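S.K.: Here you go, coords-v9.csv (CSV, C-alpha atoms and all ligand atoms):
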```
chain,number,residue,atom,x,y,z
J,741,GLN,CA,-39.4,180.9,-80.8
J,742,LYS,CA,-36.0,182.7,-80.6
J,743,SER,CA,-35.3,185.4,-83.3
J,744,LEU,CA,-31.8,186.2,-82.2
J,745,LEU,CA,-32.5,189.9,-82.2
J,746,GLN,CA,-35.8,189.8,-80.4
J,747,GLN,CA,-34.2,187.5,-77.8
J,748,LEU,CA,-31.4,190.0,-77.2
J,749,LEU,CA,-33.9,192.8,-76.8
J,750,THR,CA,-35.1,190.9,-73.7
J,751,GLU,CA,-31.8,189.5,-72.5
H,525,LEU,CA,-18.5,219.3,-58.8
H,526,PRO,CA,-20.4,218.6,-62.0
H,527,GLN,CA,-19.4,215.1,-63.3
H,528,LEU,CA,-21.4,213.8,-60.4
H,529,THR,CA,-24.5,215.2,-62.0
H,530,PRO,CA,-25.2,213.1,-65.2
H,531,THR,CA,-26.0,214.9,-68.5
H,532,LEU,CA,-27.6,213.2,-71.4
H,533,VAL,CA,-24.4,213.6,-73.3
H,534,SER,CA,-22.1,212.4,-70.5
H,535,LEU,CA,-24.3,209.3,-70.4
H,536,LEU,CA,-24.0,208.7,-74.1
H,537,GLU,CA,-20.3,208.8,-73.7
H,538,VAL,CA,-20.2,205.9,-71.2
H,539,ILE,CA,-22.6,203.5,-72.9
H,540,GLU,CA,-20.5,203.8,-76.1
H,541,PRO,CA,-19.6,200.1,-76.7
H,542,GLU,CA,-15.9,199.4,-76.3
H,543,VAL,CA,-13.7,198.6,-79.3
H,544,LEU,CA,-13.8,195.0,-80.5
H,545,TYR,CA,-10.8,192.9,-81.8
H,546,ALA,CA,-11.1,190.8,-84.9
H,547,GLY,CA,-9.9,187.5,-83.3
H,548,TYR,CA,-7.5,187.2,-86.3
H,549,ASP,CA,-5.2,184.7,-88.1
H,550,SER,CA,-3.6,188.1,-88.8
H,551,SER,CA,-1.6,187.1,-91.9
H,552,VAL,CA,-4.7,188.9,-93.4
H,553,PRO,CA,-5.3,188.0,-97.0
H,554,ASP,CA,-5.5,189.3,-100.5
H,555,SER,CA,-8.6,187.5,-101.6
H,556,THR,CA,-11.4,190.0,-101.8
H,557,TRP,CA,-13.7,187.1,-100.8
H,558,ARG,CA,-12.0,186.3,-97.5
H,559,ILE,CA,-12.0,190.0,-96.5
H,560,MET,CA,-15.7,190.1,-96.9
H,561,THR,CA,-16.4,186.9,-95.1
H,562,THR,CA,-14.1,188.0,-92.3
H,563,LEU,CA,-15.7,191.4,-92.1
H,564,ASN,CA,-19.2,189.9,-92.1
H,565,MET,CA,-18.2,187.8,-89.1
H,566,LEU,CA,-16.9,190.8,-87.2
H,567,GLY,CA,-19.9,192.7,-88.3
H,568,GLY,CA,-22.2,190.3,-86.5
H,569,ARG,CA,-20.4,190.9,-83.2
H,570,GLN,CA,-20.3,194.6,-84.0
H,571,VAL,CA,-24.1,194.6,-84.4
H,572,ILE,CA,-24.8,192.7,-81.2
H,573,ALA,CA,-22.6,195.3,-79.4
H,574,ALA,CA,-24.8,198.0,-81.0
H,575,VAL,CA,-28.1,196.4,-79.9
H,576,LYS,CA,-26.9,196.4,-76.3
H,577,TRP,CA,-25.9,200.0,-76.7
H,578,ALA,CA,-29.4,200.9,-78.1
H,579,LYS,CA,-31.0,199.4,-74.9
H,580,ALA,CA,-28.8,201.7,-72.8
H,581,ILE,CA,-30.1,204.8,-74.6
H,582,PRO,CA,-32.3,206.9,-72.3
H,583,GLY,CA,-35.9,206.4,-73.4
H,584,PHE,CA,-35.1,203.8,-76.1
H,585,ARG,CA,-36.5,200.8,-74.3
H,586,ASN,CA,-39.6,202.8,-73.2
H,587,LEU,CA,-40.8,202.1,-76.7
H,588,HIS,CA,-42.9,199.1,-77.7
H,589,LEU,CA,-40.4,196.2,-78.1
H,590,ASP,CA,-41.8,196.0,-81.7
H,591,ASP,CA,-40.6,199.5,-82.5
H,592,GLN,CA,-37.2,198.7,-80.9
H,593,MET,CA,-36.9,196.0,-83.5
H,594,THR,CA,-38.1,197.9,-86.5
H,595,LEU,CA,-35.7,200.7,-85.6
H,596,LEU,CA,-32.6,198.5,-85.2
H,597,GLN,CA,-33.4,196.6,-88.4
H,598,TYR,CA,-33.8,199.8,-90.4
H,599,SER,CA,-30.7,201.5,-89.0
H,600,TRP,CA,-28.0,198.9,-88.3
H,601,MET,CA,-26.0,199.5,-91.5
H,602,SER,CA,-26.2,203.2,-90.7
H,603,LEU,CA,-24.9,202.9,-87.1
H,604,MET,CA,-22.2,200.6,-88.5
H,605,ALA,CA,-21.0,202.9,-91.3
H,606,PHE,CA,-21.1,206.0,-89.1
H,607,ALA,CA,-19.1,204.3,-86.2
H,608,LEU,CA,-16.6,202.8,-88.7
H,609,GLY,CA,-16.3,206.2,-90.3
H,610,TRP,CA,-15.5,207.9,-87.0
H,611,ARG,CA,-13.1,205.2,-85.9
H,612,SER,CA,-11.3,205.5,-89.2
H,613,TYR,CA,-11.2,209.3,-88.9
H,614,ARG,CA,-9.7,209.4,-85.3
H,615,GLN,CA,-7.4,206.5,-86.2
H,616,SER,CA,-5.1,208.0,-88.8
H,617,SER,CA,-4.1,211.1,-90.7
H,618,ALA,CA,-6.1,209.7,-93.6
H,619,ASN,CA,-6.7,207.0,-96.3
H,620,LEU,CA,-7.9,203.9,-94.3
H,621,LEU,CA,-10.7,201.9,-92.9
H,622,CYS,CA,-10.1,200.8,-89.3
H,623,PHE,CA,-12.5,197.9,-88.5
H,624,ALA,CA,-10.6,196.8,-85.4
H,625,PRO,CA,-7.2,197.6,-83.9
H,626,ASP,CA,-6.1,194.2,-85.4
H,627,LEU,CA,-8.0,194.6,-88.6
H,628,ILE,CA,-7.2,197.5,-91.0
H,629,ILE,CA,-7.8,197.9,-94.7
H,630,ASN,CA,-5.1,200.2,-96.1
H,631,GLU,CA,-4.7,201.7,-99.5
H,632,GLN,CA,-3.3,198.4,-100.8
H,633,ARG,CA,-6.1,196.1,-99.9
H,634,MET,CA,-8.7,198.8,-100.4
H,635,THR,CA,-8.1,198.6,-104.1
H,636,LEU,CA,-8.0,194.8,-104.6
H,637,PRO,CA,-10.3,193.5,-107.4
H,638,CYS,CA,-13.8,194.1,-105.9
H,639,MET,CA,-13.0,196.2,-102.8
H,640,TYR,CA,-13.0,199.8,-103.8
H,641,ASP,CA,-16.6,199.9,-105.0
H,642,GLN,CA,-17.7,198.7,-101.6
H,643,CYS,CA,-15.2,200.7,-99.5
H,644,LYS,CA,-15.5,204.1,-101.2
H,645,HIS,CA,-18.8,204.7,-99.5
H,646,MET,CA,-17.3,203.8,-96.1
H,647,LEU,CA,-14.4,206.2,-96.8
H,648,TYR,CA,-17.0,208.9,-97.6
H,649,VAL,CA,-18.4,209.2,-94.1
H,650,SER,CA,-14.9,209.2,-92.8
H,651,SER,CA,-13.8,212.1,-95.1
H,652,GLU,CA,-17.0,214.0,-94.2
H,653,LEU,CA,-16.3,213.7,-90.4
H,654,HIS,CA,-12.8,215.0,-91.1
H,655,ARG,CA,-14.0,217.8,-93.5
H,656,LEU,CA,-16.5,219.2,-90.9
H,657,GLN,CA,-14.2,218.6,-88.0
H,658,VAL,CA,-16.9,216.9,-86.0
H,659,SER,CA,-16.4,216.8,-82.2
H,660,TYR,CA,-16.8,213.6,-80.1
H,661,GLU,CA,-20.0,214.9,-78.5
H,662,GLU,CA,-21.5,215.9,-81.8
H,663,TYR,CA,-20.9,212.4,-83.0
H,664,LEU,CA,-22.4,210.8,-80.0
H,665,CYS,CA,-25.7,212.6,-80.6
H,666,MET,CA,-25.7,212.2,-84.4
H,667,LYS,CA,-25.2,208.5,-84.0
H,668,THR,CA,-28.2,208.4,-81.7
H,669,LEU,CA,-30.2,210.3,-84.2
H,670,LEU,CA,-29.2,207.8,-86.9
H,671,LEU,CA,-30.9,205.0,-84.8
H,672,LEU,CA,-34.1,207.2,-85.0
H,673,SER,CA,-33.7,208.1,-88.7
H,674,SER,CA,-36.1,205.7,-90.3
H,675,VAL,CA,-39.6,204.8,-89.2
H,676,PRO,CA,-42.2,202.6,-91.0
H,677,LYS,CA,-44.4,204.4,-93.6
H,678,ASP,CA,-47.3,203.5,-91.4
H,679,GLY,CA,-45.8,204.9,-88.2
H,680,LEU,CA,-44.8,203.1,-85.0
H,681,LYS,CA,-46.7,201.7,-82.1
H,682,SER,CA,-45.2,204.4,-79.9
H,683,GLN,CA,-45.2,207.3,-82.3
H,684,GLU,CA,-45.8,210.0,-79.7
H,685,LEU,CA,-43.0,208.8,-77.4
H,686,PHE,CA,-40.7,208.4,-80.4
H,687,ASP,CA,-41.3,212.0,-81.6
H,688,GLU,CA,-40.4,213.2,-78.1
H,689,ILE,CA,-37.1,211.2,-77.9
H,690,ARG,CA,-36.0,212.2,-81.4
H,691,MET,CA,-36.4,215.8,-80.5
H,692,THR,CA,-34.6,215.4,-77.2
H,693,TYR,CA,-31.5,214.2,-79.0
H,694,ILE,CA,-31.9,216.9,-81.7
H,695,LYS,CA,-31.7,219.5,-79.0
H,696,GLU,CA,-28.9,217.5,-77.4
H,697,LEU,CA,-27.0,217.9,-80.7
H,698,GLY,CA,-27.7,221.6,-80.6
H,699,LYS,CA,-26.0,221.8,-77.3
H,700,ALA,CA,-22.9,220.0,-78.5
H,701,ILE,CA,-22.6,222.6,-81.2
H,702,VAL,CA,-23.0,225.6,-78.8
H,703,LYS,CA,-20.2,224.0,-76.8
H,704,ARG,CA,-17.8,223.3,-79.7
H,705,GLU,CA,-16.2,226.8,-79.7
H,706,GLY,CA,-18.6,229.7,-79.2
H,707,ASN,CA,-20.0,231.6,-82.2
H,708,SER,CA,-23.6,232.6,-83.0
H,709,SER,CA,-24.0,232.9,-86.7
H,710,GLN,CA,-21.9,229.7,-87.2
H,711,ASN,CA,-24.2,227.8,-84.8
H,712,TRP,CA,-26.9,228.1,-87.5
H,713,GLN,CA,-24.6,227.1,-90.4
H,714,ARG,CA,-23.0,224.4,-88.3
H,715,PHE,CA,-26.4,222.9,-87.5
H,716,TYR,CA,-27.3,223.1,-91.2
H,717,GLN,CA,-24.1,221.2,-92.1
H,718,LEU,CA,-24.5,218.4,-89.6
H,719,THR,CA,-28.1,217.8,-90.3
H,720,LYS,CA,-27.0,217.7,-93.9
H,721,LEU,CA,-24.5,215.0,-93.1
H,722,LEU,CA,-27.1,213.0,-91.3
H,723,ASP,CA,-29.3,213.3,-94.3
H,724,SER,CA,-26.6,212.0,-96.6
H,725,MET,CA,-26.1,208.9,-94.5
H,726,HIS,CA,-29.4,207.5,-95.9
H,727,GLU,CA,-27.6,207.6,-99.2
H,728,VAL,CA,-24.4,205.8,-98.2
H,729,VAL,CA,-26.6,203.3,-96.4
H,730,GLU,CA,-28.5,202.7,-99.6
H,731,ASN,CA,-25.2,201.9,-101.5
H,732,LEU,CA,-23.8,199.6,-98.8
H,733,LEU,CA,-27.1,197.8,-98.5
H,734,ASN,CA,-27.2,196.9,-102.2
H,735,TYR,CA,-23.9,195.1,-101.9
H,736,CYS,CA,-25.1,193.5,-98.7
H,737,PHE,CA,-28.4,192.2,-100.2
H,738,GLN,CA,-26.9,191.2,-103.6
H,739,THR,CA,-24.1,189.3,-101.8
H,740,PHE,CA,-26.4,187.7,-99.3
H,741,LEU,CA,-28.8,186.2,-101.8
H,742,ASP,CA,-26.4,185.2,-104.6
H,743,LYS,CA,-25.3,181.6,-103.7
H,744,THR,CA,-23.2,181.7,-106.9
H,745,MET,CA,-20.7,183.6,-104.7
H,746,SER,CA,-21.3,181.9,-101.4
H,747,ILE,CA,-20.2,184.7,-99.0
H,748,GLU,CA,-20.7,183.8,-95.4
H,749,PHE,CA,-22.9,185.9,-93.0
H,750,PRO,CA,-23.2,185.2,-89.3
H,751,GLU,CA,-26.5,183.8,-88.0
H,752,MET,CA,-28.2,186.8,-86.4
H,753,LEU,CA,-27.1,189.3,-89.0
H,754,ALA,CA,-28.4,186.9,-91.7
H,755,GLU,CA,-31.8,187.0,-90.0
H,756,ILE,CA,-32.0,190.7,-89.9
H,757,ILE,CA,-31.1,190.9,-93.6
H,758,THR,CA,-33.6,188.2,-94.8
H,759,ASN,CA,-36.1,190.1,-92.7
H,760,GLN,CA,-35.5,193.6,-94.1
H,761,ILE,CA,-34.9,192.9,-97.8
H,762,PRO,CA,-38.6,192.5,-98.5
H,763,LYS,CA,-39.6,195.7,-96.7
H,764,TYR,CA,-36.7,197.9,-97.9
H,765,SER,CA,-38.1,197.4,-101.4
H,766,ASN,CA,-41.9,198.0,-101.2
H,767,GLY,CA,-41.4,201.5,-99.9
H,768,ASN,CA,-42.6,200.6,-96.4
H,769,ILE,CA,-39.6,202.5,-95.3
H,770,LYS,CA,-39.8,206.2,-94.5
H,771,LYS,CA,-36.5,208.2,-94.2
H,772,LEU,CA,-36.7,211.2,-91.9
H,773,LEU,CA,-34.9,214.1,-93.5
H,774,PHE,CA,-33.9,217.5,-92.1
H,775,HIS,CA,-33.8,218.9,-95.6
H,776,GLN,CA,-36.3,218.2,-98.4
H,777,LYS,CA,-33.4,219.5,-100.4
F,801,LIG,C1,-20.1,199.5,-92.3
F,801,LIG,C2,-20.0,198.1,-92.6
F,801,LIG,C3,-20.5,197.6,-93.9
F,801,LIG,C4,-20.5,196.1,-94.2
F,801,LIG,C5,-19.4,195.3,-93.5
F,801,LIG,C6,-19.3,193.7,-93.8
F,801,LIG,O1,-20.5,193.0,-93.3
F,801,LIG,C7,-19.3,193.4,-95.3
F,801,LIG,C8,-20.4,194.2,-96.1
F,801,LIG,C9,-21.9,193.7,-95.7
F,801,LIG,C10,-20.3,195.8,-95.8
F,801,LIG,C11,-21.4,196.4,-96.8
F,801,LIG,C12,-21.2,195.4,-98.0
F,801,LIG,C13,-20.7,196.3,-99.2
F,801,LIG,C14,-20.2,194.3,-97.6
F,801,LIG,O2,-18.8,194.7,-98.0
F,801,LIG,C15,-20.6,192.9,-98.3
F,801,LIG,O3,-21.5,192.8,-99.1
F,801,LIG,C16,-19.7,191.6,-98.1
F,801,LIG,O4,-20.4,190.4,-98.6
F,801,LIG,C17,-19.5,195.5,-91.9
F,801,LIG,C18,-20.8,195.0,-91.2
F,801,LIG,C19,-18.4,194.8,-91.0
F,801,LIG,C20,-17.7,195.3,-90.0
F,801,LIG,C21,-16.6,194.6,-89.1
F,801,LIG,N1,-16.4,195.9,-88.3
F,801,LIG,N2,-17.2,197.0,-88.4
F,801,LIG,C22,-17.0,198.0,-87.7
F,801,LIG,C23,-15.9,198.4,-86.8
F,801,LIG,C24,-15.9,199.7,-85.9
F,801,LIG,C25,-17.0,200.6,-86.0
F,801,LIG,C26,-18.0,200.1,-87.0
F,801,LIG,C27,-18.0,199.0,-87.7
F,801,LIG,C28,-17.8,196.7,-89.7
F,801,LIG,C29,-18.8,197.6,-90.5
F,801,LIG,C30,-19.5,197.0,-91.6
```
As structure tokens, how would this structure be written, given the file I've shared?
M.R.:
Amino acid sequence: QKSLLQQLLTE
Amino acid sequence: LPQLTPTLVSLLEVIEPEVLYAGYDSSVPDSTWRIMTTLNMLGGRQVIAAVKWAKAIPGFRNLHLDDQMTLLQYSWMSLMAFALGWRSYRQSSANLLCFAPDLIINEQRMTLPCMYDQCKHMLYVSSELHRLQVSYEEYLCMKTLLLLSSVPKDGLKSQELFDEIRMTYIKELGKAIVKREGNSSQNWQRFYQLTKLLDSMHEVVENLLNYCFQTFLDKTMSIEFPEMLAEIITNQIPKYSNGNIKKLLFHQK
């Protein structure tokens, strides 16, 4: 998926 | 000589996210509703800036990515209120809320129809920082502790490592006290007072969160929240209720 937060925690 | 030998505190000082500007259309309004929408928008950016900051904290990312999420979703309002409080404190001799260098809520706007009840809590942390004359270093540590101030009732998936980090920063805050001037009896009282302040943040967070949740779910009001922030809120409202949230307190007082 994406989950804005989760995605930033891996950006 | 030193400076070239990094200290936990000197590192906290450099990862501190830089000041954001509001964008604007600076003729800044009187409608309580526009203020909120505007602040919610800036808030979204402010939170992303904070997440990045969390990832730069020594030991933070060495936690299960799941705990890194739980933490940020439990403490964002806290990190937000504390940083806004500090910026408001260092900004002026008193009375205001400094959200950005190009976005300030003064005495006038602060008292528009539905503003004061929301802002008074934000002014609180600002007055507290002033009252106790908190140093920049004390604040850098306290703010880190705030990120680690709420764990799930049923622990984390890195409990051990968490406990070790939380303590590292508690001791780190102790040092910042020893440094600010140099007493011995006051060091105790001083540590008692700051841990007290940290403990009271859960309370202001609780007040600010009610308005945040009430406002987000209304749809009779229709107040805009940015995409990511909206997600975190929809995600936390169910848990914040059930008592699945545990607040670490320095004083059972
Ligand atoms: C604390 C703090 C509380 C939030 C505020 C806005 O979202 C509007 C909220 C949710 C308010 C609590 C709630 C009552 C609220 O008034 C509403 O319910 C409106 O619907 C926000 C995120 C926005 C913002 C833009 N800047 N920045 C900021 C700047 C420098 C350091 C820290 C933060 C801040 C700090 C914020």
S.K.: Given a cut-off of 6 Å, what residues near ligand LIG 801 (chain F) show up using only C-alpha atoms and all ligand atoms, put as a list in words?
M.R.: residues 560, 563, 564, 566, 567, 570, 601, 604, 605, 607, 608, 623, 624, 642, 732, 735, 736, 739 and 747 of chain H
S.K.: Convert the current residue selection to file output with C-alpha atoms, as a PDB file, in the frame of the given file.
M.R.:
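Result file follows (part04.pdb):
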```
ATOM      1  CA  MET H 560     -15.700 190.100 -96.900  1.00  0.00           C
ATOM      2  CA  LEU H 563     -15.700 191.400 -92.100  1.00  0.00           C
ATOM      3  CA  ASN H 564     -19.200 189.900 -92.100  1.00  0.00           C
ATOM      4  CA  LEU H 566     -16.900 190.800 -87.200  1.00  0.00           C
ATOM      5  CA  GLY H 567     -19.900 192.700 -88.300  1.00  0.00           C
ATOM      6  CA  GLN H 570     -20.300 194.600 -84.000  1.00  0.00           C
ATOM      7  CA  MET H 601     -26.000 199.500 -91.500  1.00  0.00           C
ATOM      8  CA  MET H 604     -22.200 200.600 -88.500  1.00  0.00           C
ATOM      9  CA  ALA H 605     -21.000 202.900 -91.300  1.00  0.00           C
ATOM     10  CA  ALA H 607     -19.100 204.300 -86.200  1.00  0.00           C
ATOM     11  CA  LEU H 608     -16.600 202.800 -88.700  1.00  0.00           C
ATOM     12  CA  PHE H 623     -12.500 197.900 -88.500  1.00  0.00           C
ATOM     13  CA  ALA H 624     -10.600 196.800 -85.400  1.00  0.00           C
ATOM     14  CA  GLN H 642     -17.700 198.700-101.600  1.00  0.00           C
ATOM     15  CA  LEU H 732     -23.800 199.600 -98.800  1.00  0.00           C
ATOM     16  CA  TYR H 735     -23.900 195.100-101.900  1.00  0.00           C
ATOM     17  CA  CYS H 736     -25.100 193.500 -98.700  1.00  0.00           C
ATOM     18  CA  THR H 739     -24.100 189.300-101.800  1.00  0.00           C
ATOM     19  CA  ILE H 747     -20.200 184.700 -99.000  1.00  0.00           C
TER      20      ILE H 747
END
```
S.K.: Based on only C-alpha atoms, which of the residues in chain H come within 8 Å of chain J? I want them as an NGL selection string.
M.R.: :H and (575-576 or 579 or 589 or 592-593 or 752 or 755-756)
S.K.: When distances are computed from only C-alpha atoms, which of H:668, H:760, H:599, H:765 shows the smallest separation from residue 695 in chain H?
M.R.: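 Counting only C-alpha atoms, the residue closest to residue 695 in chain H is H:668.
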S.K.: Find the residues around residue 562 in chain H up to 12 Å (all atoms listed in the file counted), leave out those fewer than 2 positions away in its own chain, and share them as an MDAnalysis selection string.
M.R.: chainID H and resid 546:550 552:560 564:569 623:624 627:629 747:750
S.K.: Which is closest to residue 544 in chain H among H:615, H:529, H:712, H:625, if we use all atoms listed in the file?
M.R.: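 Closest to residue 544 in chain H of all the choices is H:625.
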S.K.: Which is closest to residue 577 in chain H among H:634, H:656, H:671, H:643, if we use only C-alpha atoms?
M.R.: H:671
S.K.: Go ahead and compute the interatomic distance for CA of residue 667 in chain H and CA of residue 688 in chain H, in Å to one decimal.
M.R.: 17.0 Å
S.K.: Restricting the calculation to all atoms listed in the file: of H:694, H:721, H:596, H:539, which residue gets closest to residue 675 in chain H?
M.R.: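 Of H:694, H:721, H:596, H:539, the one nearest residue 675 in chain H is H:596, counting all atoms listed in the file.
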